[PDB]
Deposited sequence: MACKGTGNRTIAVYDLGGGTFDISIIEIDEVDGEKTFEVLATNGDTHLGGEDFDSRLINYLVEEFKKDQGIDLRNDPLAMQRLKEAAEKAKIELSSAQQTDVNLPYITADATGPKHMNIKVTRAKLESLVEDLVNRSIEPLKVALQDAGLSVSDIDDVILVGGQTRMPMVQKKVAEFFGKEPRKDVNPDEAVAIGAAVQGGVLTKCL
């Protein structure tokens, strides 16, 4: 009774996919692929652009010339990205972010989940490309896979789970650890 699994591991920096076969009678990695420039940090970057554009649209300032402000906005963007894994909407609040002749300025922007999903949709789609490759290299199809286990914090995002569920046709398991997976 062999069991074949797929490990979708999306971290802060890189993306990995691995196909592993288990037999009783033994453990054999059948294929492994990924994307060295596709990670959670790219999800923050997309949200950072949106916050910079909205702050310009509203107040008229470009924060990118201000390095100390861009650090706080990166920190705030990640925080909002995470909350939006569990909430439908959230609020970025950074008082005294910058200043001009009119005085000190404040950021207060509402980000909805739907907004975030539209911003990162293409990054999620990039993760499917190495998946197809791995399966080809293994001489397998999605029907030959028995379980999909998610690894990495970024995979907690409902959208990422919905797309992986659509590819494999199975509900991926996010509860499983590395020992239990085998």
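The chain's deposited sequence has unresolved stretches at 1 to 6, 32 to 35, 193 to 207, with no C-alpha coordinates there.
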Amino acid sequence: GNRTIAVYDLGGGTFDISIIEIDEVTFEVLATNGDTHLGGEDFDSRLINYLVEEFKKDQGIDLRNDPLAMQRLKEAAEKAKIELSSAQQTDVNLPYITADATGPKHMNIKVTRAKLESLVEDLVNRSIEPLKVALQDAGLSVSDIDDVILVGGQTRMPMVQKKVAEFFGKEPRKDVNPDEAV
From here on, numbers count along this sequence of modelled residues.
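Of the two stretches examined, 99 to 107 and 76 to 84, the record assigns the greater average C-alpha temperature factor to 99 to 107. When the mean C-alpha temperature factors of 155 to 163 and 16 to 24 are read from the deposited coordinates, 16 to 24 comes out higher. In this entry, the residue among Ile61, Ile48, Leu119, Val124 with the greatest C-alpha B factor is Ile61.
Note on the listed residues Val52, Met70, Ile145, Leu38: the highest Cα temperature factor in the record is that of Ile145. Ranked by Cα temperature factor within the chain, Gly34 sits in the lowest third according to the deposited record. Among the modelled residues of its chain, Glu129 has a C-alpha B-factor that falls in the middle third, as given in the PDB entry.
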